[PDB]
Every structure is written in C-alpha cells, then in structure tokens.
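So this first bit is one chain, no partners, the form deposited in one PDB entry, shown in structure tokens.
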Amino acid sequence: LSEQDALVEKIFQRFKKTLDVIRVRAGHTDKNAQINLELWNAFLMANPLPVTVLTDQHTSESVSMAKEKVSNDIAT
C-alpha cells in the first residue's frame, strides 16, 4: 500500500468492524420494529377500538406510570 493508504487503513481498522456490527444490529431492530407494527395492525383489525385516543389527547395512566418508572431506572 502507499504510505497514506497504509495510514488510512490503520485508522479505519480500529473501528471498521464496530460500525459493521452497529449497521447489522440496526437492520435487525429496524426489521423487528416493522414486524411489530404489522402485528399491531392485525391485532387491532381483529379487535378494533371504538375510539383511538392518542397521547396528545390523553395519556393513559398506565403509559404515564411506565414512562416514570423507566425514567427513574435510567436516572439510577
């Protein structure tokens, strides 16, 4: 290799595989998040809601308690 390309390669090898791992993991969870939305769709088509209440209208107390618990977990 040229001197400069040898330097570039030495820099990159310190984290090339780390970025590869992150990319692959992000693809897995992207895929899982898509599957999760399909399952909500099928479940809610089979068990429809009379009204769909989103958090900008009213936040369920259960959602609020879960958010507070996790917020405190992350602080701890």
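The term rigid core refers to the most C-alpha atoms you can superpose between the two forms while keeping them within 1.5 Å. Shifts are known only where both forms have a C-alpha. Numbering starts at 1 and follows the sequence shown.
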TODO: Select between 53-61 and 5-13 the stretch whose C-alpha atoms have the higher average B-factor in the entry.
DONE: 5-13
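Below: the form deposited in another entry, not depicted.
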Open item on the list: Which residue of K67, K10, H58, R25 is the mover here, meaning its C-alpha shifts by 2 Å or more between this form and the one not shown once both are aligned on the rigid core?
Closed with: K10
Task: Rigid-core superposition between this form and the one not shown, with residue runs of at least 3 whose C-alphas all shift by 2 Å or more - done: 1-14
